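One structure is given below, encoded as structure tokens.
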Amino acid sequence: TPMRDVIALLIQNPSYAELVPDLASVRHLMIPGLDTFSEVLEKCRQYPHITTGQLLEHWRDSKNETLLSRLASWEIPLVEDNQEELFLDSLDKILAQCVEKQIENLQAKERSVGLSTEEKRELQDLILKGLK
Numbered sequence: 002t003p004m005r006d007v008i009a010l011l012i013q014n015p016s017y018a019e020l021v022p023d024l025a026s027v028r029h030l031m032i033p034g035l036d037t038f039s040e041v042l043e044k045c046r047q048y049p050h051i052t053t054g055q056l057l058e059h060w061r062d063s064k065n066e067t068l069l070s071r072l073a074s075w076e077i078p079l080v081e082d083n084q085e086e087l088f089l090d091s092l093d094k095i096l097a098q099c100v101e102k103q104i105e106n107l108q109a110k111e112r113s114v115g116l117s118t119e120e121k122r123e124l125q126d127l128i129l130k131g132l133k
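So, in structure tokens, the structure goes:
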């Protein structure tokens with residue numbers, strides 16, 4: 002549920018998309034919820050000043066409407082002071098999870114058929130600086 006946390010926080014604060022690094026290189030990973038996260042991030046990226054309410058309208062009559070409506074209320078605290086820090090913190094856990102899984106996939110392919118030079122620069126960048 003650090004995934005659902007990060008989804009809930011981003012729906013509640015569409016701005017926070019700015020704080021998310023480009024995920025193109027990890028978005029393929031089969032980590033539960035990553036796909037819902039990407040699809041939400043994408044709209045927040047196209048509409049940087051959107052409100053939560055305006056954002057939910059984009060899921061009218063869609064697969065995840067119910068889930069997303071619920072998460073729009075999930076654990077909103079009385080005082081909003083430390084919302085960013087909680088997001089960044091939960092984001093990092095998910096990012097580290099992506100990094101780790103992408104390292105495993107690249108390494109599996111390395112054993113199996115070998116890597117191209119692009120994949121190898123990537124694999125080592127992932128080890129060197131995570132993400133970031």
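Residue numbers (the working numbering): 2 to 133.
All C-beta atoms in this analysis are idealised placements derived from N, C-alpha and C, irrespective of residue type, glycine included.
- A direct Cα-Cα distance of roughly 7 Å separates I128 from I104.
- Beyond the five residues adjoining it in sequence on each side, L57 comes within less than 7 Å, by CB distance, of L69, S70 and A73 in the same chain, given in chain order.
- In this structure, the alpha-carbon of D23 lies about 19 Å from that of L107.
- In terms of CA proximity to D6, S91 leads the group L124, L79 and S91.
- A Cβ-Cβ separation of about 6 Å places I77 in contact with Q13 under the 8 Å criterion.
- In the structure shown, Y17 adopts helical secondary structure according to DSSP, grouped into three states.
- Cβ-Cβ distances below 7 Å link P3 to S91, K94 and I95 in the same chain, with the five nearest sequence neighbours on each side left out; the list follows chain order.
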